[PDB]
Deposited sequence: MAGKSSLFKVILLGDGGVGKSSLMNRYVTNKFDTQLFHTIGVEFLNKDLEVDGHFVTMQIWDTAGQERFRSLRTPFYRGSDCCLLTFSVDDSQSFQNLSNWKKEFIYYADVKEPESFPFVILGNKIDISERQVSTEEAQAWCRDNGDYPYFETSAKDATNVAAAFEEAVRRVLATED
């Protein structure tokens, strides 16, 4: 039978930025306004090869954070997510990157693929400009940056497709 490779992607970011909604939008093409760790699978294709992505949202319960970090290991790409209406969530990207590197024990962090998502761009009143987000991305690893909306689907599939491409580029 036609083989398929399995890529593990993890979503990290502050509560409320839209991680669950992004994954659900990508996999089910629905949005509608979950307590523990959840992961979903999606088939796609890259350069004519079948692949499957397994998307983890490891934001269970904060008092049990120590029990969620074992599930970082084996991640092939990390999608760091903030909301463009929430500057605090943007300011926390660096700390999310650090948590991931530490608890996933990334041995070559300078080469590990990250993708940055600025979600909720359907909201006109922003606290983070496009330019400020792009500058952070350029200056903190030159990661791909997507302005997304789970609510309207803008750039959602593109962001996840890019995650798999970045994995392949190793």
I have the full deposited sequence and the modelled structure. Can you tell me which residue ranges, counted from 1, have no C-alpha coordinates? 1, 35-38, 176-177
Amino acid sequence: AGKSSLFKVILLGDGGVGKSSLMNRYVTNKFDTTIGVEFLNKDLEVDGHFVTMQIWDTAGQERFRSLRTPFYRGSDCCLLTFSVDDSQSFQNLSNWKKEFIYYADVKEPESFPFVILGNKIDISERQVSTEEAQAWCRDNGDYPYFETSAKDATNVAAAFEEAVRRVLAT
From here on, numbers count along this sequence of modelled residues.
So 106-114 or 38-46, which one's hotter by mean CA B-factor in the entry? 106-114
Of 83-91 and 68-76, the stretch whose C-alpha atoms average the higher B-factor in the entry: 68-76
Top Cα B-factor in this entry, restricted to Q134, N119, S124, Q54, sits on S124
CA B-factor placement of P144, once the chain's modelled residues are sorted into thirds: lowest
If you rank every modelled residue in this chain by C-alpha B factor, which third holds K3: lowest, middle or highest? highest
